[PDB]
Amino acid sequence: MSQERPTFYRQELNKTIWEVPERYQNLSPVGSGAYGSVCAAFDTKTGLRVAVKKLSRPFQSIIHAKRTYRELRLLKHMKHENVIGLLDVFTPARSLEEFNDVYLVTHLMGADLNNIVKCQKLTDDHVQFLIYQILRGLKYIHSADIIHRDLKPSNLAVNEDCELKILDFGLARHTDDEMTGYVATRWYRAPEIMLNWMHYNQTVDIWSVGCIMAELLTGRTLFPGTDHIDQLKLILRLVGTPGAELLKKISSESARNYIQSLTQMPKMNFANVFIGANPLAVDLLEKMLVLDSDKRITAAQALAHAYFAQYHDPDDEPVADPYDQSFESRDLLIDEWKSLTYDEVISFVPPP
Ligand SMILES: Cc1ccc(C(=O)NC2CC2)cc1Nc1cc(=O)n(C)c2c1cnn2-c1ccc(F)cc1F
């Protein structure tokens with residue numbers, strides 16, 4: 001019938017005012033930017049270390065308003081061990097009229113894959129377990145018909161016992177400048193989206209996993225291009241130049257035309273590339289790093305691969321409920337996106 005408002009308290013961290021319920025204590029900044037500022041906290045109600053993201057003036061434009069709604073809808077949907085999920089969402093605002101701030105609460109993680117790939121020297125069993133968890137989370141995400149679109153080591157978060165969660169799905173929107181040059185922001189992207197060959201699907205994320213897996217196995221970035229074209233050449237050297245069948249799938253005439261200008265190359269022998277690696281790891285890599293996106297292994301298919309024999313459990317690899325994505329094609333005003341967001345904030349039910 002009803003729900004009770006908690007008591008809020010105010011607190012400044014690095015020149016920004018945080019107003020949060022009393023349950024959240026020991027707030028400590030971890031990061032900031034356009035992706036919102038994030039603090040670590042201790043939730044006294046659940047005994048959980050949590051991350052709290054503040055979105056300030058998330059309704060300054062139509063695109064900001066829609067993105068705020070999108071992020072909240074995304075987080076509300078995900079209920080899976082290997083996917084970041086919403087523990088709590090709140091606003092200190094008492095009505096829609098004063099509602100101009102959104103806080104999102106998730107589990108606090110210990111490090112990202114960039115931070116761990118360094119502190120440590122990973123074994124094959126470590127790689128098995130990390131990649132298994134990524135694919136387990138991806139199976140769930142893809143089953144809701146959500147594409148991550150920007151899978152990289154920086155949005156894969158890990159705790160001390162190597163338990164992994166996927167962050168930042170469905171919401172990456174980089175500028176041209178951020179994708180230019182010798183930059184990690186582009187190194188994990190599938191060729192078809194890097195050069196906009198065609199309308200992309202979920203198979204884009206599997207390419208990213210292959211890149212991440214290779215890096216975990218070798219300690220080296222697989223395709224560290226100095227630019228879009230240099231990266232493509234790195235990719236084509238390994239996987240071969242496109243055949244006739246794939247060329248007609250490239251709907252972009254300019255892109256298909258550039259491809260045809262290149263000297264044709266055969267697929268390399270992956271056993272001569274990833275020397276000393278588990279042959280099962282090499283085999284899976286060959287199935288993930290396929291130029292034709294239609295022919296790439298799926299997350300669900302990859303979980304059943306022999307490489308994951310010690311972790312695979314078909315009764316413990318769940319799919320998601322349907323995700324209603326119809327808002328994406330909808331054109332609304334700021335106050336309409338704001339009202340929708342507000343409804344989602346108040347309708348939130350905490351996890352058991
Ligand atoms: C609070 C929140 C809100 C939204 C989303 C998200 O993925 N939103 C997209 C899907 C729609 C994620 C989070 N959670 C974190 C955000 C963050 O920036 N960091 C750094 C986080 C978080 C959780 N832990 N950590 C974290 C702390 C310390 C480290 F060393 C390493 C870490 F990953």
# chains A, B, ... in the order shown; residues from 1 in each chain; ligands from 1
>>> residues_near_ligand(ligand="ligand 1", cutoff="9 Å", atoms="only C-alpha atoms and all ligand atoms", output="JSON, numbers by chain")
{"A": [30, 31, 32, 35, 36, 37, 38, 39, 40, 50, 51, 52, 53, 54, 70, 71, 72, 73, 74, 75, 76, 78, 83, 84, 85, 86, 103, 104, 105, 106, 107, 108, 109, 110, 111, 112, 113, 115, 148, 154, 155, 156, 157, 158, 159, 165, 166, 167, 168, 169, 170, 171, 172]}
>>> residues_around(residues="residue 8 in chain A", least_positions_apart="4", cutoff="6 Å", atoms="only C-alpha atoms", output="ChimeraX atom specification")
/A:20-22
>>> closest_atom_pairs(of="range 114-153 of chain A", to="range 278-289 of chain A", cutoff="10 Å", atoms="only C-alpha atoms", output="CSV")
residue,atom,partner,partner_atom,distance
A:124,CA,A:278,CA,7.5
A:127,CA,A:281,CA,9.2
A:128,CA,A:281,CA,8.4
>>> closest_atom_pairs(of="range 136-235 of chain A", to="range 240-244 of chain A", cutoff="10 Å", atoms="only C-alpha atoms", output="CSV")
residue,atom,partner,partner_atom,distance
A:232,CA,A:241,CA,9.9
A:233,CA,A:241,CA,9.1
A:234,CA,A:240,CA,9.8
A:235,CA,A:240,CA,7.8
>>> select_by_dssp(residues="range 66-115 of chain A", states="helix (DSSP H, G or I)", output="ChimeraX atom specification")
/A:66-77,113-115
>>> write_last_selection(atoms="N, CA, C and O atoms", output="mmCIF file, in the first residue's frame")
data_model
loop_
_atom_site.group_PDB
_atom_site.id
_atom_site.type_symbol
_atom_site.label_atom_id
_atom_site.label_comp_id
_atom_site.auth_asym_id
_atom_site.auth_seq_id
_atom_site.Cartn_x
_atom_site.Cartn_y
_atom_site.Cartn_z
ATOM 1 N N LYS A 66 17.432 10.894 -21.087
ATOM 2 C CA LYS A 66 17.226 9.556 -21.639
ATOM 3 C C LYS A 66 18.299 8.571 -21.162
ATOM 4 O O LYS A 66 17.993 7.407 -20.884
ATOM 5 N N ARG A 67 19.542 9.044 -21.068
ATOM 6 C CA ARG A 67 20.672 8.226 -20.607
ATOM 7 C C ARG A 67 20.550 7.836 -19.135
ATOM 8 O O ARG A 67 20.879 6.714 -18.756
ATOM 9 N N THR A 68 20.072 8.773 -18.320
ATOM 10 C CA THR A 68 19.786 8.520 -16.909
ATOM 11 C C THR A 68 18.725 7.433 -16.760
ATOM 12 O O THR A 68 18.887 6.499 -15.966
ATOM 13 N N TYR A 69 17.651 7.556 -17.538
ATOM 14 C CA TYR A 69 16.586 6.568 -17.554
ATOM 15 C C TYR A 69 17.106 5.208 -18.006
ATOM 16 O O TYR A 69 16.817 4.184 -17.376
ATOM 17 N N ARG A 70 17.866 5.215 -19.102
ATOM 18 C CA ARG A 70 18.489 4.009 -19.650
ATOM 19 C C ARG A 70 19.341 3.282 -18.610
ATOM 20 O O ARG A 70 19.172 2.083 -18.413
ATOM 21 N N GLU A 71 20.244 4.011 -17.949
ATOM 22 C CA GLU A 71 21.129 3.407 -16.946
ATOM 23 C C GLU A 71 20.325 2.739 -15.824
ATOM 24 O O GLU A 71 20.594 1.589 -15.459
ATOM 25 N N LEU A 72 19.335 3.458 -15.300
ATOM 26 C CA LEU A 72 18.478 2.943 -14.233
ATOM 27 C C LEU A 72 17.703 1.697 -14.672
ATOM 28 O O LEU A 72 17.704 0.691 -13.965
ATOM 29 N N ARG A 73 17.070 1.758 -15.844
ATOM 30 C CA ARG A 73 16.360 0.603 -16.393
ATOM 31 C C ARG A 73 17.277 -0.617 -16.526
ATOM 32 O O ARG A 73 16.892 -1.726 -16.157
ATOM 33 N N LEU A 74 18.485 -0.391 -17.053
ATOM 34 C CA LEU A 74 19.517 -1.426 -17.207
ATOM 35 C C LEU A 74 19.897 -2.088 -15.881
ATOM 36 O O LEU A 74 19.891 -3.318 -15.764
ATOM 37 N N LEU A 75 20.219 -1.263 -14.888
ATOM 38 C CA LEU A 75 20.616 -1.743 -13.567
ATOM 39 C C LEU A 75 19.492 -2.462 -12.832
ATOM 40 O O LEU A 75 19.737 -3.433 -12.117
ATOM 41 N N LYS A 76 18.264 -1.983 -13.014
ATOM 42 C CA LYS A 76 17.092 -2.589 -12.386
ATOM 43 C C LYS A 76 16.820 -3.993 -12.919
ATOM 44 O O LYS A 76 16.347 -4.859 -12.184
ATOM 45 N N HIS A 77 17.137 -4.216 -14.192
ATOM 46 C CA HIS A 77 16.870 -5.503 -14.830
ATOM 47 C C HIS A 77 17.803 -6.647 -14.400
ATOM 48 O O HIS A 77 17.361 -7.791 -14.276
ATOM 49 N N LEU A 113 40.177 -5.595 -14.075
ATOM 50 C CA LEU A 113 41.135 -6.513 -14.708
ATOM 51 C C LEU A 113 42.472 -5.872 -15.097
ATOM 52 O O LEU A 113 43.500 -6.543 -15.064
ATOM 53 N N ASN A 114 42.457 -4.588 -15.461
ATOM 54 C CA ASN A 114 43.699 -3.833 -15.683
ATOM 55 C C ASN A 114 44.594 -3.826 -14.447
ATOM 56 O O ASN A 114 45.797 -4.074 -14.541
ATOM 57 N N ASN A 115 43.992 -3.548 -13.291
ATOM 58 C CA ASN A 115 44.709 -3.492 -12.020
ATOM 59 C C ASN A 115 45.248 -4.846 -11.560
ATOM 60 O O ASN A 115 46.279 -4.905 -10.885
#
>>> residues_around(residues="range 223-226 of chain A", least_positions_apart="3", cutoff="6 Å", atoms="only C-alpha atoms", output="MDAnalysis selection string")
chainID A and resid 181:182 187 230:231 234
>>> residues_around(residues="residue 132 in chain A", least_positions_apart="2", cutoff="8 Å", atoms="only C-alpha atoms", output="list in words")
residues 128, 129, 130, 134, 135, 136, 303, 308, 311 and 312 of chain A
>>> closest_residue(among="A:194, A:116, A:309, A:239", to="residue 292 in chain A", atoms="only C-alpha atoms")
A:239
>>> atom_distance(atom1="CA of residue 322 in chain A", atom2="CA of residue 144 in chain A")
5.3 Å
